[PDB]
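Okay, here we've got a single chain as structure tokens, the form deposited in one PDB entry, with questions on binding and movement later.
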């Protein structure tokens, strides 16, 4: 409805904290006159546009807590993105990211990271990625991960972890350290066994979610999935499963 000029000018003159520029055909953030003068705004929505980059100028939006780039064509993020010290919610879903910039893990307030439908893999993650220990929800579904790095175990505030439809061949035993987890999505990968340490998690309730269908599970595990998720968790806690799991690797 409103022009981009009016959105910027009204945000500034009335000290308004949220700016909605979703679905406006924007191909370059530098084209939006005055956008980077809004050092006070807390929410910027640029979903459903045609961005292919995010300029380093993003660092001038120092008050941002919510940044939504869902469904653009973004191919890389500037390293300056990690200077957003108030950023709590970052939605980069449905873009074309193959890497995250060095220092990305330096974001001190990040709670929700949506990276669904990109082209990320374990090699995409910078060295300091798992210093993001404020994270409570990490959405990585429909990416290209083949393994999950063991430092995932550092993210002990995580309540939601989505790894749906990646290419995972294993889960690290360090997943067992995520004792606040309520939702784990691992359906649609290439998983054959589960680390016994996943049995440390209670994902059996109506309140918890464990989605794990559509994996090439070994026969004993597949048999337990037929009986129900609680049966899977009991099985992988057993000493006999620990025995066979150790032998199956070798």
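Numbering follows the first chain given and starts at 1.
There is another form of this protein, the form solved in complex with a partner chain, and it is not shown here; the text below is about that form.
Candidate spot 71, 117 and 139, all three touching the partner chain in the entry with it bound (heavy atom, 4.5 Å)
Looking in the entry with it bound, the three residues 71, 117 and 139 all sit within 4.5 Å of the partner chain (heavy atoms).
Considering the partner chain in the entry with it bound, which of 230, 22, 238, 16 comes within 4.5 Å of it through any heavy atom?
Contact with the partner chain in the entry with it bound is made by 22 alone.
Between the options 45, 191, 221, 54, which residue brings a heavy atom to within 4.5 Å of the partner chain in the entry with it bound?
Among 45, 191, 221, 54, a heavy atom within 4.5 Å of the partner chain in the entry with it bound occurs only for 45.
Looking at 221 to 229, 62 to 70, 33 to 41, 192 to 200, which one sits within 4.5 Å of the partner chain in the entry with it bound if you count heavy atoms only?
Of the options given, it is 62 to 70.
Contact of residue 110 with the partner chain in the entry with it bound (heavy atom, 4.5 Å):
Although the partner chain is absent here, residue 110 would stay clear of it in the entry with it bound, with no heavy atoms inside 4.5 Å.
Can you tell me if residue 95 lies within 4.5 angstroms of the partner chain in the entry with it bound, counting non-hydrogen atoms only?
No, residue 95 is distant from the partner.
Are any of the heavy atoms in residue 100 no more than 4.5 Å from a heavy atom of the partner chain in the entry with it bound?
Heavy-atom contact with the partner chain at 4.5 Å: absent for residue 100.
Verify the contact flag for residue 89: yes if a non-hydrogen atom of it lies within 4.5 Å of a non-hydrogen atom of the partner chain in the entry with it bound, no if not.
Taking the distances in the entry with it bound, the answer for residue 89 is yes, it comes within 4.5 Å of the partner chain.
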